[PDB]
Amino acid sequence: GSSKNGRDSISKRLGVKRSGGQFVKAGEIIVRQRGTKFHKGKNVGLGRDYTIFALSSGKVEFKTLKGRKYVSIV
Amino acid sequence: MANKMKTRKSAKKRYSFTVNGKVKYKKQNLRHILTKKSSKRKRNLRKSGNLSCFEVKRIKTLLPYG
Amino acid sequence: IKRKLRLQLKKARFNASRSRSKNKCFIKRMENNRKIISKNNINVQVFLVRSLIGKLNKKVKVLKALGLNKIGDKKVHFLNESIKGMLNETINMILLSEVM
Amino acid sequence: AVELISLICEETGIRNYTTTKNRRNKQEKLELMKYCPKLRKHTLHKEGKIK
RNA sequence: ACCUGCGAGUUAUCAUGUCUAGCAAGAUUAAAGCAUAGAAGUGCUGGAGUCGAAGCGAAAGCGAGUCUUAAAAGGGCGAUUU
RNA sequence: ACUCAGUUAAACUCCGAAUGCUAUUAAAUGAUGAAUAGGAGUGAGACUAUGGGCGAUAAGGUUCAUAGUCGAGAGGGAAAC
RNA sequence: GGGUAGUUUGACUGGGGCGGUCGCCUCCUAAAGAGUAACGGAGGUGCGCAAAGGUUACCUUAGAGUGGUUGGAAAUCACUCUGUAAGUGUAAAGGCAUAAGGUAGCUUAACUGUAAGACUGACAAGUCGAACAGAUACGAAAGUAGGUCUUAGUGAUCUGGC
């Protein structure tokens, strides 16, 4: 009577790639995620798989509004 | 001349040398079933690439003359 | 006698065989060190009195950042927030005297 | 029940595109306005065989 | 078993790196010949060939540019600073 | 089903640390960083102090995470170890 | 055609064998970056869709209570409370009120040549990507559109065919 299961996928390495306050240049990846765990603010864009990336050079910042987190470049 | 080091022909037919060290090669996965692969993927697979610097020493051993 | 129990017992006896006089000396040293650290902007002389062998990696890195590599190491430092934090991390392995 | 079809430029006959289509669902003759790179212009492409 | 002898990274060529010696945008001869000697030498003769001096592109071909392309429009591989 | 009071949950979370991780600045510590070129060896770990899973909150058991030690470390102590 | 000859018939495995398993995706184990084992504990998968795609415009369930021919606890409709628990082709998770939910019109960007700058990573690979040129689709226009809300639906090289 062997084990009926034991099966796991490859870890996808999600999470925040640039920390709030760090300096990024155009096109950087900031967050990798499934779904808008973090939403888009000023000067960032959202990829087809909800990746957060920087449209211009600046400093990352996270804000909170009504309990939702927004990423921006300032 | 009794013992000239033989080149590895199957490697010669796939590797190329640039002037200052790098190795040029043709990317894989653009030889076969292609309908499902996205257009931008195929376009990137068409253009040739350079190998990582970690294989260059072994390749230089494989191609003693080229 | 069962090996599990005798190993536990031997370890417990070694641990419990510490001398209260030595503990009191250590307590006195700790009190002195905390009193000195509580000051602000003085030149303090730091002696290293406990070895680096076997200690935590983080603490070895802190001590090498203070400049002490051996027991008997002497270094004078100016107490600001950075040095105060390092001294607090490694308070149990140092002896602080004050440079009048 | 899904076959690989090829979309053919009407006015050149080049097999510009390939796609998937489900047989036994329409059995029609799918037409698609696709861009024909030979002409630098969009045009009509019709379903056709691959091999 | 003890003791004493014997008992294992060598040679020949190619690739590549470093050191030493020499020349230098050039460097170098291989086979082989002649002369003297009898002294399996070493002084000449011998430049056929190889490696640099331009690379890029599958190739044609073009060239400090070349290819991918209508595009030096952006890049890939180069370089003007060997 | 509803109200009051009191409880369980690694695959429940209306809330949420302490540490750790990341960025900047000022001190502090002096070849510990990085790149290129040449040359390896290793790809059997073990134990202890913690956080775990499996086992039977059994095993000097098996398999992960942090740190140390042995490994490759003499000396002193834990009777030998 | 075992008359005879040359060979193959795997590995992981709490010894081996038997049994079971081998790709990929979702969650926990996993100790609040990432990563992190097991024959640890639970599921799905080798597709479907010419719309279930793109664009524009317009809209919101489920449940509780109440009143109505079939109609009952429950089918359809009205209202109150509730405010996403409903629903997102397909497993689960993360997300989705500006709805990514639903309806309708038009339509094929389910494009070509490309790409600054990155994540993940031994390598080979994989993924995001502003913006540029040509040709469009939709909208008055700004803009969006390089398939499917995202995360599985897949296979190198060699050889051969069109």
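So the sequence lines, in the order shown, correspond to chains Y, g, b and e.
Residues 8 to 81 in the entry's author numbering are what the first sequence lists, from first letter to last.
Residues 1 to 66 in the entry's author numbering are what the second sequence lists, from first letter to last.
Residues 2 to 101 in the entry's author numbering are what the third sequence lists, from first letter to last.
Residues 9 to 59 in the entry's author numbering are what the fourth sequence lists, from first letter to last.
Every residue, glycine too, gets a C-beta built ideally from N, C-alpha and C.
Where residue i falls: helix, strand or coil (DSSP)
i: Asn44 of chain g; result: helix
i: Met1 of chain g; result: coil
i: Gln46 of chain b; result: strand
i: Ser39 of chain g; result: helix
i: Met101 of chain b; result: coil
i: residue 82 of chain Y; result: Summary: the structure shown does not reach residue 82 of chain Y, with chain Y confined to residues 8 through 81, and so no result is reported for it.
i: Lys32 of chain Y; result: coil
i: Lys57 of chain e; result: coil
i: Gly22 of chain Y; result: strand
i: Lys9 of chain g; result: helix
i: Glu32 of chain b; result: helix
i: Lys56 of chain b; result: coil
DSSP beta-bridge partners of residue i
i: residue 62 of chain e; result: Here chain e comprises residues numbered 9 to 59, so residue 62 of chain e is not present and cannot be evaluated.
i: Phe17 of chain g; result: g:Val23
i: residue 132 of chain Y; result: In this structure chain Y extends from 8 to 81, so residue 132 of chain Y is not present and cannot be described.
i: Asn50 of chain g; result: g:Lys24
i: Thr61 of chain g; result: Note: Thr61 of chain g sits in no beta bridge, so no partner.
i: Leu96 of chain b; result: b:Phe48
i: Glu39 of chain e; result: e:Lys54
i: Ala61 of chain Y; result: Y:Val51
i: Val63 of chain b; result: Answer by DSSP bridge pairing: none, since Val63 of chain b is not bridged.
CB of residue i within 7 Å of CB of residue j, strictly
i: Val51 of chain Y; j: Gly65 of chain Y; result: no
i: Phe60 of chain Y; j: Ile36 of chain Y; result: yes
i: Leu51 of chain g; j: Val23 of chain g; result: yes
i: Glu99 of chain b; j: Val45 of chain b; result: yes
i: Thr71 of chain Y; j: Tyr57 of chain Y; result: no
i: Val63 of chain b; j: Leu53 of chain b; result: no
i: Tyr25 of chain g; j: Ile59 of chain g; result: no
i: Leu34 of chain g; j: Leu45 of chain g; result: no
i: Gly48 of chain Y; j: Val78 of chain Y; result: yes
i: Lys54 of chain e; j: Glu39 of chain e; result: yes
i: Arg25 of chain Y; j: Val31 of chain Y; result: yes
i: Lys73 of chain Y; j: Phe45 of chain Y; result: no
i: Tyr25 of chain e; j: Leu12 of chain e; result: no
i: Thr20 of chain e; j: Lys49 of chain e; result: no
i: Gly68 of chain b; j: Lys76 of chain b; result: yes
i: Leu97 of chain b; j: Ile37 of chain b; result: yes
i: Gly66 of chain g; j: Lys12 of chain g; result: yes
Closer than 6 Å: residue i CB and nearest the ligand ATP heavy atom
i: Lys59 of chain b; result: Looking at this structure, you won't find the ligand ATP or any other ligand, since it has none at all.
Review point. Counting Cβ pairs, one atom from each stretch, are 3 or more of them under 8 Å apart for the stretch 44-56 of chain b and the stretch 77-93 of chain b?
Key: Output reads yes: the stretch 77-93 of chain b touches the stretch 44-56 of chain b.
**Study point:** Residues in the stretch 20-35 of chain e having any Cβ partner in chain g nearer than 8 Å
**Key:** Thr26, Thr27, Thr28
Check your understanding: In chain order, what residues of the stretch 33-47 of chain g put their CB closer than 7 Å to some CB of chain e?
Key -> Here the close residues are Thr35.
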